[PDB]
Amino acid sequence: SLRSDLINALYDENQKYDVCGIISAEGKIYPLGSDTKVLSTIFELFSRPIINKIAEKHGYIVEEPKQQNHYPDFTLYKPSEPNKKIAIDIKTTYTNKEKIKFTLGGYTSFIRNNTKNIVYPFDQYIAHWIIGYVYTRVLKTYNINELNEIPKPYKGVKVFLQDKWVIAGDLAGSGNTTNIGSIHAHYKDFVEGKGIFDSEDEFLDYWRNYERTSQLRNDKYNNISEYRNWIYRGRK
Amino acid sequence: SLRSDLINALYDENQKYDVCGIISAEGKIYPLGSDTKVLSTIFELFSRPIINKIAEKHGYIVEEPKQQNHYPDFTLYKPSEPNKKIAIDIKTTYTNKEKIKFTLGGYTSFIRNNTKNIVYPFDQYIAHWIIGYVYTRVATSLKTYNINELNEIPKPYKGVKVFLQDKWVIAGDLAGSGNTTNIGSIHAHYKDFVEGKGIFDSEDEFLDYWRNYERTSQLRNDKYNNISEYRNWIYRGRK
DNA sequence: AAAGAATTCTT
DNA sequence: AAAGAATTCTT
Ligand SMILES: [Ca+2]
Ligand SMILES: [Ca+2]
């Protein structure tokens, strides 16, 4: 399937190539920094041609946002299945050596409002996948004949393709910017889909009614157990 | 000086090189995106060796943050004069085609707390420079390339302009962001950023304004929302 | 504008 | 944890 092929292609490109710098049209290369700010940009760029290659091979047209501040990174869809769009987001985090966690987008935009900050209305998508990259964190300019001399910036890099609701956790990924938090676990649990929600509807419901601060949550629900007791009582 | 040489260096580099893609140790090149999230990263990496050469010429040690949410991008200091450090931050914005604006960092962090989210206590910095890049967004690749196709890789910008200017000099009186409490710059033509045609009387005034600026309109309504109101707040007795 | 989206990290 | 830091943008 598109999905199986996509993750094979990503996993494979990852195994075969090591990004080591930025290059200019004149052939001047500048090394890369070791922060997620840099690496996430690089990992997104590394992924783009792979995504487009696999999608085309499956007849899906790929679309990226025209406006900055819009979800998702890539919207795929064959013209015959307009209401069966698939949203793919690229997420990154790091490790110093170990469990990981990702921020999974806002819980106050498109999930609460069909057209809010999303390329196509929320209800036209049938899948929201997360291409997650994890790297172990590790001054001159170079020439092409120096490609392997350039110090690389990451010790390892792992990639997975998993459904968003599936790796979604019950605690906010960030405060002031209201992000959904992932599960906090080892890489394996993301690949295996060992999350906390039983269904995509439970994920959506939980985050569509999650309150912004502990103050509030303390009277409704803060975690999954409390949310289920909250559901049990009648949303009481 | 360090400053003039740095500015000199940046202009020449930006003039000599057009960044076009990321390269892997194996020679495969991936094109760049044309959004600020990408370009800002590209611009910073482009500046770093240069900032480093120049700093070396003038006997300055360059230090970058160890943690990820720390100001500034680069801290320069003579080993002999640790308390006369220079903070250099790289900011980026674009022109769709013209007046521009930048976001100049938090107004609730290190400026309100000597050690909040800053590599070295704020009081150890004697200057805070901003290297600003402005690129025109290309109206308009998902292919990869090889070392011999450099010229065919499409560039994510029509034009790029860079300047070095003090932070206070280009600061404005309206927030650069809401929820993330950022200082906003003057909304003006590139020329004014280069020429330092700002709004504050001094750096002392810049800092005081941003240190006493309220987070949301409601709050600001009983204090000040602009430079005139701040000047009036001052007269009233910071009352 | 003022407020709140877009991404991820740290104390 | 939470809450709020790092950046830039949209309306
Ligand atoms: Ca996205
Ligand atoms: Ca993107």
Side-chain angles (χ1 to χ4, degrees), chain A residues 36 38-41 43-44 65 70-73 89-94 96 100 102-110 112-113 116-119 132-134 169-182 184 212-214 216-217 222-223, chain B residues 35-36 38-41 43-44 65 69-73 89-94 100 102-110 112-113 115-119 133 137 172-185 187 214-217 219-220 225-226:
Chain A
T36 300
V38 174
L39 298 171
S40 61
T41 275
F43 296 157
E44 219 245 354
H70 268 20
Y71 169 92
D73 287 342
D89 241 18
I90 306 187
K91 304 303 195 185
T92 313
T93 191
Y94 78 97
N96 274 118
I100 64 184
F102 298 81
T103 48
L104 306 176
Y107 59 82
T108 74
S109 52
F110 48 88
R112 295 185 190 213
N113 188 281
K116 171 95 156 291
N117 291 281
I118 182 163
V119 178
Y133 284 85
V134 194
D170 55 349
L171 305 175
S174 73
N176 49 0
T177 53
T178 60
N179 261 233
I180 289 179
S182 89
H184 176 45
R212 291 153 222 243
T213 52
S214 306
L216 309 180
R217 294 192 284 271
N222 286 72
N223 50 38
Chain B
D35 59 283
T36 308
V38 175
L39 288 179
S40 69
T41 294
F43 292 156
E44 309 192 67
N69 298 301
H70 271 32
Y71 168 82
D73 293 337
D89 228 28
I90 309 203
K91 310 291 183 175
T92 311
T93 190
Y94 76 98
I100 68 185
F102 285 93
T103 44
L104 314 168
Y107 62 68
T108 73
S109 53
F110 52 83
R112 299 195 187 201
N113 174 290
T115 36
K116 197 176 214 310
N117 291 101
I118 188 159
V119 187
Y133 282 86
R137 41 135 74 141
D173 57 356
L174 303 179
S177 74
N179 49 18
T180 52
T181 61
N182 250 231
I183 298 167
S185 86
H187 176 31
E214 298 294 326
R215 298 159 179 72
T216 325
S217 291
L219 298 162
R220 296 204 288 278
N225 283 280
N226 76 339

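Just so it is clear: chains get the letters A, B, ... in the order the sequence lines come, proteins before strands, and each one is counted from 1. The basis for the numbers below is simple: all heavy atoms, side chains too, and nothing from hydrogens, waters or symmetry mates.
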When the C1'-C2'-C3'-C4' sign is the only test used, does the sugar of C/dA1 come out north or south? south
If you look at every strand shown and take non-hydrogen atoms under 4.0 Å, does B/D89 touch a base, only sugar-phosphate, or nothing? sugar-phosphate
Could you tell me the separation between the CG atom of B/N117 and the P atom of C/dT8, rounded to a whole number of Å? 19 Å
Per side-chain contact (heavy atoms from CB on, under 4.5 Å), A/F43 is matched among A/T92, A/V134, A/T36 by A/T92
For atom CG of B/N225 and atom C1' of C/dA1, their distance in whole Å: 10 Å
Would you mind reading off the distance between A/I180 atom CD1 and D/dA1 atom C1', rounded to a whole angstrom? 18 Å
Sugar-phosphate, base or nothing in reach of A/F110, heavy atoms under 4.0 Å: sugar-phosphate
Qualifying residues under side-chain contact (heavy atoms from CB on, under 4.5 Å), relative to A/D89, sequence neighbours excluded: A/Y71, A/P72, A/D73, A/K91, A/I130
Heavy-atom donor-acceptor pair, B/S177 side chain to B/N182 backbone, under 3.5 Å: yes
Please compare A/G175 and A/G106 by the position of their nearest nucleotide in DNA chain C and report the one closer to 5'. A/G106
Under 4.0 angstrom between A/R212 side-chain N/O and D/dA2 OP1 or OP2: no
Just to be sure I understand the rule, does B/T181 reach a base, reach only the sugar-phosphate, or reach nothing, if contact means heavy atoms closer than 4.0 Å? nothing
Please evaluate the base of C/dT8 for a donor-acceptor partner in the side chain of A/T177 within a cut-off of under 3.5 Å? yes
Looking at B/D35, is its backbone amide N or carbonyl O close enough to the side chain of B/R137 to form a donor-acceptor pair, meaning the two atoms are under 3.5 Å apart? no
A/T36 has a side chain; which of D/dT7, C/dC9, C/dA1 sits nearest to it? C/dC9
On the nucleotide C/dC9, are OP1 or OP2 found under 4.0 Å from the side-chain N or O atoms that A/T93 carries? yes
B/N179 CG to D/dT7 P, in whole Å, measures 14 Å
Residue whose closest nucleotide on DNA chain C lies nearer the 5' end, A/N179 versus A/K116: A/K116
With a 4.0 Å limit, can you tell me whether B/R137 has a side-chain N or O closer than that to the phosphate oxygens OP1/OP2 of D/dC9? no
A/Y94 side-chain N/O to C/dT10 phosphate OP1/OP2 under 4.0 Å: yes
When you measure from the side-chain N and O atoms of A/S109 to the phosphate of C/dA6, is any distance below 4.0 Å, counting only OP1 and OP2? yes
Length of the line joining A/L171:CG and D/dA1:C1', which is rounded to integer Å: 8 Å
To the nearest Å, give me how far apart NE2 (A/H184) and P (D/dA2) are. 13 Å
Just jot down the side-chain contact (heavy atoms from CB on, under 4.5 Å) partners of B/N179, sequence neighbours excluded, or say none. none
Over how many whole Å does the gap from B/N226 atom CG to C/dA1 atom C1' extend? 12 Å
With heavy atoms under 4.0 Å as the rule, sort A/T108 into base, sugar-phosphate or nothing. sugar-phosphate
Any base atoms under 4.0 Å from A/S174, or only sugar-phosphate, or nothing? Heavy atoms, all strands. base
On a heavy-atom basis, which atom in A/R212 and which in A/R217 lie closest, and how many Å separate them? O-NH1, 3.2 Å
